[PDB]
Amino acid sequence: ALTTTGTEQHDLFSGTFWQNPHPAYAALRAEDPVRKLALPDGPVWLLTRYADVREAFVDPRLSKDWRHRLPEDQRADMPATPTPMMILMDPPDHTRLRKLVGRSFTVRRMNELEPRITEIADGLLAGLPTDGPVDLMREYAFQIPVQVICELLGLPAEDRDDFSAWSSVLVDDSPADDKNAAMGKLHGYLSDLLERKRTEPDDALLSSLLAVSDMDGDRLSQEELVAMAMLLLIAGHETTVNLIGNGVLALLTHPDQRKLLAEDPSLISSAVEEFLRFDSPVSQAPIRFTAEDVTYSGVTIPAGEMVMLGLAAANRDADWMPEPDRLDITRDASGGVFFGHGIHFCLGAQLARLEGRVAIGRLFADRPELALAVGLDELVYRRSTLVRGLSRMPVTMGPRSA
């Protein structure tokens, strides 16, 4: 198994790491900031220092084109992507696709979702028991973002168990063949759904994008259109959930911060920014490929290598954030790499923040006696190189507020 080199040995992507990766991240930052991880499916490098991570995001030698892993005499005949999602592309196709979908995620559009997000959260809360067992992950944190993405896109509620199963396999330590099969089912499902939508459109996003694609296939191809639906669905199932889970947990394990929020509920948006920093939901950005040799902190990563940008690590770098290990919901937030940086910066950043403050804010308002129903040490985390997220969170809700 892998451990940090230097003065302190901490497990890496195994052992104690899943439970609490933060000491390992700190030892990487201090003593091995540009680290090659000899992982089972092949070596992946990891950058953990804030100044390196933030700049890496705008360094074009750090490419999304997986063909950089091939020698040139092998690249000609290969597709640009395994599936034509914009997150797996460089300009110009990235630029074109992002500009197109960005038109549907304008500031005004996402905000007008607040009354509905609030109904959804309020309905979930009303349905939770006072003292019987609750998994706050499956019953609350998971539900909000998934209902929202289904409504935004126009995804049948009756198919929710099929595509949430597919989506989670793609995001965790599943075997590469399992991921391929899940992606296959998700592509076919969404392809068939789009075919049905042509015949009966609705007013939600997938119909709108299908119409753009119908009108102008060079702006958005059919395959690009399915890939976009796939990406938006997976983001709606596997990200915000862990903002909610990690942020709730931060408050449950920090009484002082929970009390400040109780006394000023308007601290919630500042609190959300602090949760995104303190326990980043996307722990490592999806992989980049070195198109040429790059040098960061005195270490050269050769051309052709796979590279993770360590967001959870960088967001606790004391060179950037004083007392990075302290949870302080009152910080005036700025910077941060939890939503990425540059051209691929999170498309759903406004949506995620809104879902987070609504879900966490309304939860603690409604159930001011919420508590964990197990010891902190008993919490099980998912094994993922992409997310920092609880598997389940046993809680006791307590009485509704009067």
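In this text, residue numbers run from 1 along the sequence as written.
Q: Should the higher mean CA B-factor in the entry be assigned to 55-63 or to 332-340?
A: The entry gives the higher C-alpha B-factor average to 332-340.
Q: Select between 282-290 and 143-151 the stretch whose C-alpha atoms have the higher average B-factor in the entry.
A: Mean C-alpha B-factor is greater for 143-151.
Q: Using only the C-alpha B-factors in the record, can you name which of 42, 33, 348, 361 has the highest?
A: Each of 42, 33, 348, 361 was compared by C-alpha B-factor; the highest is 42.
Q: Using only the C-alpha B-factors in the record, can you name which of 269, 315, 246, 164 has the highest?
A: Going by the entry's C-alpha B-factors, 164 comes out highest.
Q: By the record's CA B-factor, is residue 240 among the lowest, middle or highest third of residues in the chain?
A: Residue 240: CA B-factor falls in the lowest third of its chain.
Q: Which third of the chain holds residue 105 when residues are ordered by C-alpha B factor: lowest, middle or highest?
A: Highest third of the chain for residue 105's C-alpha B-factor.
Q: Give the position of residue 387 by CA B-factor within its chain, expressed as the lowest, middle or highest third.
A: It belongs to the lowest third of the chain when residues are ordered by C-alpha B-factor.
Q: How does the C-alpha B factor of residue 355 compare with the rest of the chain: lowest, middle or highest third?
A: Residue 355: CA B-factor falls in the lowest third of its chain.
Q: Tell me, lowest, middle or highest third: where does the Cα B factor of residue 273 rank within its chain?
A: Ranked within chain, residue 273 CA B lands in the lowest tercile.
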